[PDB]
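Structural description and commentary
Okay, here's what each chain looks like letter by letter:
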Amino acid sequence: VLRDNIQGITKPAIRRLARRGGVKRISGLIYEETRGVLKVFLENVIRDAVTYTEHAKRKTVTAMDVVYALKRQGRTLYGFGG
Amino acid sequence: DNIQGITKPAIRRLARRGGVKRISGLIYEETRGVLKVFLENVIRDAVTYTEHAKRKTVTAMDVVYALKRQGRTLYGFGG
Amino acid sequence: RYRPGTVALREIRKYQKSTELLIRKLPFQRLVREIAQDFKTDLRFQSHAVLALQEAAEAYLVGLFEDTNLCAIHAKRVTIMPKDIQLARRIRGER
Amino acid sequence: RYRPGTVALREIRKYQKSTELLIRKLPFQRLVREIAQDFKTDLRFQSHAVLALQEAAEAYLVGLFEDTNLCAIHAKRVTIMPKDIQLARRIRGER
Amino acid sequence: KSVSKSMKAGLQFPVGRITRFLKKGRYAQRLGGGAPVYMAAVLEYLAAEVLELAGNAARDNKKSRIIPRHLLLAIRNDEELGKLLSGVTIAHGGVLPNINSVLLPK
Amino acid sequence: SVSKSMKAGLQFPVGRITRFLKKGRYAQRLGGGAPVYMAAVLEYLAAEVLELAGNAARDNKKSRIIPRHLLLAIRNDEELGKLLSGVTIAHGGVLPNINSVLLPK
Amino acid sequence: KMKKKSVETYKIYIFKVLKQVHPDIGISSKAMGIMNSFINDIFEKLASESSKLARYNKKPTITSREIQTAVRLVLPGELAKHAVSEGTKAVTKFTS
Amino acid sequence: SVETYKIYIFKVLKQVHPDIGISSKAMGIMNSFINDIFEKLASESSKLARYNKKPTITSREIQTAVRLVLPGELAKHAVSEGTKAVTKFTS
Amino acid sequence: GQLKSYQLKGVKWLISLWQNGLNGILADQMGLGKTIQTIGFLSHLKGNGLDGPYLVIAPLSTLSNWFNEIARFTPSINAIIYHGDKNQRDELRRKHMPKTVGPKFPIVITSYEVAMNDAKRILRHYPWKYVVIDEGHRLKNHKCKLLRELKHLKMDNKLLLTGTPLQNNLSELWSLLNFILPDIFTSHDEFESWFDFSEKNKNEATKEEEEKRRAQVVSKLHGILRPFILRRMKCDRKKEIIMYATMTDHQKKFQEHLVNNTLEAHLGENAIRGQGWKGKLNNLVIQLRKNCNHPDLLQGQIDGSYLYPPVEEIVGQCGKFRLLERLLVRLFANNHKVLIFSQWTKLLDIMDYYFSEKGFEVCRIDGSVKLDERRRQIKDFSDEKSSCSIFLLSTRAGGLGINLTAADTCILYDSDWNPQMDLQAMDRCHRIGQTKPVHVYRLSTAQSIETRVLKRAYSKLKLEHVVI
DNA sequence: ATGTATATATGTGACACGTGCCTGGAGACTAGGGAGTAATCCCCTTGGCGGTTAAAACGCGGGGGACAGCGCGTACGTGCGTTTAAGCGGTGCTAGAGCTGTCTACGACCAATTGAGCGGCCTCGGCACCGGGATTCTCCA
DNA sequence: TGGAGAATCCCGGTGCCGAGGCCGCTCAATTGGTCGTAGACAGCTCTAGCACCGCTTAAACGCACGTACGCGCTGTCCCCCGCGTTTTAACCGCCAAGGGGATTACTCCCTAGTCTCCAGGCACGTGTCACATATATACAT
């Protein structure tokens, strides 16, 4: 009565992301590695985001926490306020 | 020339430390160029740090801080 | 009808000039909630946080795919293999 | 006498267990003085600065050679080419 | 009447707000006389160069308004700014168009 | 009088951590138990590093710690390898590793 | 009745410098945020570098030479040499 | 005069291993490591205090700094020992 | 003709209201009686020589029904239905409107979804004389503001037909009146004047002698609203039993085990470590309602592949389910037909599993199927040889208005917060033409959370005396 | 089978104890101001429904890369004999790195004004679609 | 080179909404006095890099030589691509109520100063040890 949430990243989305990066042909065994790497990256960001949220005695995650968490990893993101 | 001072057996020993079996005869120029570029990039910051403090001698702390700026922390010498 | 290899280049030329979102938002905010459920219980998320996370994830994935493509071109090939991704992550020091 | 390929492995096993300096000190401090001459005139150098520079340069070169070796093993080869070094520097973002 | 510290220096950025931000951040015990002027001059020069690049990029594509695409095009087509902003990703920016020569049909 | 480190059971000094925090002007005011916490964390890290280094030096039938044993202890642990990935130790050397392709058959 | 807390932004100054540079070019509302973030990031890097340099050399004051060396360190290449010349010209006019 | 942690490192080493000595070249590395960890922790705590508009450094800020800087299982084991020291100091 | 005397009176009332030039709201209870009267009113306003166009806005499920009505009333009267897929929409945009002035203009029937998506086109090229609605239940929370855009162009007359305008929520008369007569805006901005202490009272009959100003406010409340609203009765059976059930000790143990919400530590050892918990409960009332209805609904914590406990012991968890089983086994001797009304499909799945074990075959409308409804009703139901006896319905979904009404007994498992949903549930439950007594039943639990909901719902329903 | 890499006996420059002095951590009075507490209010949340329209899934043929085996050539690893410069010890020499001592001038702090910057509304020109209409792009021939 | 079906910008209208421009406060930005301590300048002392010469002895260079791996070729197979049907979920609205963080008011107790003072941290002298040179066994061609 449910679907897995990691299967929600479908094959055409990964194909479009590869075509944005300039790839001609794509094999049929790279979707699992892409999902695993996306999962690991999201875990590593969300750990710091939840730590920042929990420091300030809050229960809601704001955009500034995500911006500071991305800044800790060296990937500065512009447009949202930091 | 002072860039020819990095001889072939030294480069061969540095490659054997990194675990290389066979070595071609066209990679010494790229190695010398990369070493030159790295030394230039470190020495620029080192000389900037030395010149900030109104001195004329380069100490080890300037080199340690210059390496720290590039993200390569070096231990043993005091920082 | 068309010979293989033309639609791929047309998609490459079309997707590299548009500024949009390629991953759908709703399954991503469920993957984000289900990943955050493991660490703290009963969290809440603003929309800008998940949008920023989506932007960062797409940028990271496009960079990884460009590095993987360069690694695959280095070995005289056109297809993409998992070992290219593993090599790129090993060289970049992510692993 | 010996078959080729044994002395290379013996050198690999011998050089990976010793803590020494592989580059000579005196030509290196002349390369360092001649590189520093271009930026500021009449500089002076302590010995610990050039020793630290030598240590950093050897560590950087060994790391680059290990990455180049991994890139060369990826393409089903035993020899080392400049294009492997260029690929490793392009992936690492040094270039 | 009174004059501002930015009108006499010829700058366009404010000077008392740079002093206010430096004092509110406690970077040191004491400040200097002309340090905020220097910082404002550097920031104004950088902003002027970035706006020159972005305006040239937007004017090249037959447009009269700057969007983040033109900002990304201006940043990614310069060596100095590319070295300055290598690790920065811009929201709604896109990707610089580049196609390898091997993939091109012959 | 008794020291602030004897009552807490620590081995690192406490008034010098306060002196270094005050001399660096990190903020306007400090807390009561922050130097104790910092000293405890530093003491724990030092204890773990010295445990690893002593085990590595005792494994090689030696009774004295050299930087080689320090490098061996750092590079053989995942946690310290993640902590000290970008750090190079003087007179340390290189971890021995040989690829399987280069091995003769 | 206060709508929201006041926010300090460089919108009007960026608009003035843009009108000085190009006479007939406008700007969208999405680029001003990016420009503000860029200016604040450069400001925070310069201030942090100057503070750390002041801390290292055991000096309790921030002077123009510390920010000179901070500009020489942070800004790479030809941008460092061109930013020093404009900044020194402003300081001379302020004193005299 | 130079401030170094030589005697304290020697005391903790004698507490850990009863019959192991240390050379003069490793003490410099250990001092550099301790000073680097101290500077990272202090910088992280100061930046965190600056971000949240708070003028004081408390034990919770350094708690979160330890949770951020130290990765993996080391973060969870450093918090337990540090909290035990603070309890004995107050009471 | 087909229409009776009362319909003629309604027509005359519409003509007399148009004689004063005022836009109209009509709240007739009989659904079919409104549309024929409105069609006759339009036909009276069409044959007189007026050349104004007309817009009808109805839900999509009855538009072809309107196409029946113009077929049933007069074949010379034609109309268009502006409902189609995107390719033929631009084909039919100009098909029957060639010019703003002409001898013949069509009368156009649209939908809510047409008037909300791509609705700018209608105003841009053409005005319309009469605008008529057919439901009137979609203009309360002031979310659809395109009616303001329609108001910007001059709509001369608006007619709004509502089934029941009284849901007893705040400012429904405000919202409805401001769409029909926005002229008085400041008058209603303060509701204190209409509001009285009689609204807030704890009496069962809701009449207090000690309170003051009740009679004057009630008299003025029906008096001012009387010219705006016409409500017509057909004249000028039904038996509802609400049965309560006793709470078992195991479900009560869950109740006072989750008041302090210590479920994580108790079932942590039972669950496999390393799997984790799906999440701490967020809201109190909805979870309390699920717990009161059935604890098995709360089993989202555990994981199994449709793995449900044995049917023999499932009875023990609830007294409501046991009482329903006793009522159903008492009702098999009556040889009658039952309907089961519920609000959540997970309960409609637990029930389905239970009667898939009991061995009786059932018929169900859940809303997962599209256009299979009619086939479901025709096959294994509404037949003399149909062996199905149990019919599962959700109150929020849509069932066909079957005249036959082969099912006479209706069972509500859980109650609704708004009694109008129960009113339409009874409307489907029993319809004209059957003399059969309708013994509606309700399964409730005493001294629980839903008793407050039922009391508030009946207090919500009890304001039908004050409007006419 | 025959020529090279790992285990045991006797001699030597840095460490674990001891003396000495000397600025700082700790015990104690007194301010003060920042970290702790209840009232409004507007966005999430939970289980459902209706309805539309692009998007994803499945299948099927097909042609064009991936891959393995094979052969040739020719650059790189190994060994021996000849220069050569680095490592070392010892000496002479002078710029410059710290280290005190004294003056003076420019930032910190506090009263006292006052005119720019941040909110709110008017008023429209560049940008987003429809709809032809030339203009080329690849796939046969 | 020549057709032929098919993408693809160019030139027009047609609106229309965020950018550019008006008020009304209000609160930090800028003057004037006054104090006080850090930076600038001047000397003074010791030390540690910069030349410089003779010895000598490992190591770099040069040159044969011979062989193993890298690169180009051919044949086969099998696996992604492109196009056409066919379901299906995202997107958008809409109940029905609560609740929970984003914001605003008021008290007390933990931290900053000043003022003293004495065991615990850094400089100078002793006993006592983990690597250098000589004799004995286990593997590759």
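The rules behind the values
- Residues numbered from 1 in each chain as written, not as in the entry; some residues may be left out.
- Chains lettered and ligands numbered in written order.
- Heavy atoms only, no water.
- Helix = DSSP H or I, 4+ residues; strand = E, 2+ residues; numbered from the N terminus.
- Buried < 20%, exposed > 50% of the residue type's maximum accessible area, 1.4 Å probe, protein only.
- Areas by Shrake-Rupley, 256 points an atom, 1.4 Å probe, with all protein chains shown as cover.
- Near = heavy atom within 4 Å.
- Polar contact = N/O pair within 3.5 Å; in protein donor to acceptor, adjacent residues only side chain to side chain.
- Nonpolar A, V, L, I, M, F, W, Y, C, P; charged D, E, K, R; others polar.
- Salt bridge = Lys/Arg side-chain N within 4 Å of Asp/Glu carboxyl O.
- Disulfide = S-S within 2.5 Å.
- Pairing = 2+ DSSP bridges.
- Contact = heavy atoms within 4.5 Å.
- Axes fitted to C-alpha atoms, helices over the stretch in contact; angles between N-to-C directions.
- UniProt positions renumbered as here; feature names shortened; annotations may be inferred.
- Buried area = accessible area lost by both parts, 1.4 Å probe.

This entry lists cryo-EM as its structure determination method and reports a resolution of 3.2 Å.

1. What about the overall build of chain I?
Scanning chain I from N- to C-terminus turns up 17 helices and 12 strands. In terms of overall dimensions, chain I has a C-alpha envelope of 80 × 60 × 55 Å along the principal axes. For chain I, with 468 residues in total, the buried portion stands at 34%. Carbon and sulfur atoms make up 58% of the accessible area of chain I, which amounts to about 30000 Å² in all.

2. Here's the deal with the protein's contact with DNA strand K
DNA strand K sits among 65 residues. The nearest are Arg 33 of chain D, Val 3 of chain E, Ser 29 of chain G together with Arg 124 and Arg 138 of chain I. Taken together, the sugar and phosphate atoms account for 100% of what DNA strand K places within 4 Å of the protein. In this structure, a phosphate oxygen belonging to DNA strand K sits 3.3 Å away from a main-chain N or O atom of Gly 5 of chain C. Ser 4 of chain E is positioned such that a nitrogen or oxygen atom in its side chain is 3.0 Å from a phosphate oxygen of DNA strand K. When contributions to the surface near DNA strand K are tallied by element, the ones reaching two or more residues are α1 (8-17) of chain B, α1 (6-15) and α2 (25-36) of chain C, β1 (44-45) of chain D, α2 (16-24) of chain E together with α17 (449-461) of chain I. At three residues, α1 of chain C tops the list of elements feeding residues into the surface near DNA strand K. For the surface near DNA strand K, a count of residues per class yields 19 nonpolar, 20 polar and 26 charged.

3. A short note on the pattern of salt bridges
Enumeration over the complete set of coordinates arrives at 32 salt bridges over all chains. Its salt-bridge partner being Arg 77 of chain D, residue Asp 84 of chain D comes within 3.1 Å of it at the nearest N-O pair. Overall, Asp 84 of chain D belongs to the buried group, its relative accessible area being 0%. Overall, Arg 77 of chain D belongs to the partly exposed group, its relative accessible area being 23%. Where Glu 211 of chain I meets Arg 214 of chain I, a salt bridge forms, and the shortest distance between an N and an O atom there is 3.6 Å. You can call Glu 211 of chain I buried: its relative accessible area is 8%. Judged by its relative accessible area of 27%, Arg 214 of chain I is partly exposed.

4. Describing the state of the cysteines
Residue and element names in this part refer to chain I. This structure, assessed with the given rule, holds one disulfide over all chains. The disulfide partner of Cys 410 is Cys 429, and the S-S distance across this bridge is 2.0 Å. The chirality of the disulfide connecting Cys 410 with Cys 429 is right-handed, given an S-S dihedral of about 110°. Of the two residues, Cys 410 sits in strand β11 (residues 409-412) while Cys 429 sits in helix α16 (residues 419-429), which places them 19 residues apart along the sequence. Assigned by exposure class, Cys 410 and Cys 429 land together as buried. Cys 318 provides the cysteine sulfur closest to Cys 292, a residue in no disulfide bond, and the two sulfurs are 9.3 Å apart.

5. Examining the sheet that holds strand β4 (residues 108-110) of chain I
Residue and element names in this part refer to chain I. Read across the open sheet, the six strands follow the order β1-β6-β5-β2-β4-β3; overall the sheet is parallel. Every interior strand has two partners, whereas the edge strands, β1 (24-26) and β3 (80-81), have only one. Bridging between strand β2 (residues 54-57) and β4 involves three bridges; their strand directions are parallel. When the sheet's bridge partners are listed, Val 56 is paired in β4 with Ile 109. Sheet contacts for helix α2 (residues 31-47): β1, β2, β5 (130-133) and β6 (157-161); angle to β5, the most-contacted strand, approximately 175°.

6. Remarks on the UniProt feature "binding site: ATP" in chain I
Residue and element names in this part refer to chain I. Within the UniProt annotation, "binding site: ATP" is assigned to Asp 28, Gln 29, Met 30, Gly 31, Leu 32, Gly 33, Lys 34 and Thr 35. Along the polypeptide, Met 30 turns up in the loop between β1 and α2. Residue classification places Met 30 among the exposed residues on the basis of a relative accessible area of 53%. The topology assignment puts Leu 32 in helix α2. Exposure remark for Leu 32: the relative accessible area of 58% places this residue in the exposed category.

7. A closer look at the interface of chain H and chain F
Note: interface size is frequently given as the accessible area lost on complex formation between the parts. The interface of chain H with chain F comprises 47 residues on the first partner and 50 residues on the second. For chain H, the biggest contributors to the area lost against chain F are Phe 38, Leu 74 and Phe 89 of chain H; these three give 14% of the whole. At the boundary of chain H with chain F, the tally comes to zero salt bridges. Where chain H meets chain F, there are nine residue pairs in polar contact. Sort the elements by how many residues they give to the side of chain H that touches chain F and helix α4 (residues 73-90) of chain H lands first, with 12 residues. Of the residues in the side of chain H that touches chain F, the class split is 30 nonpolar, 10 polar and seven charged. Of the pairings in the sheet, the one linking strand β1 (residues 64-65) of chain F to strand β1 (residues 21-22) of chain H comprises two bridges and is parallel in character. Looking at β1 of chain H, one finds that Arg 64 of chain F is bridged to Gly 21 of chain H.

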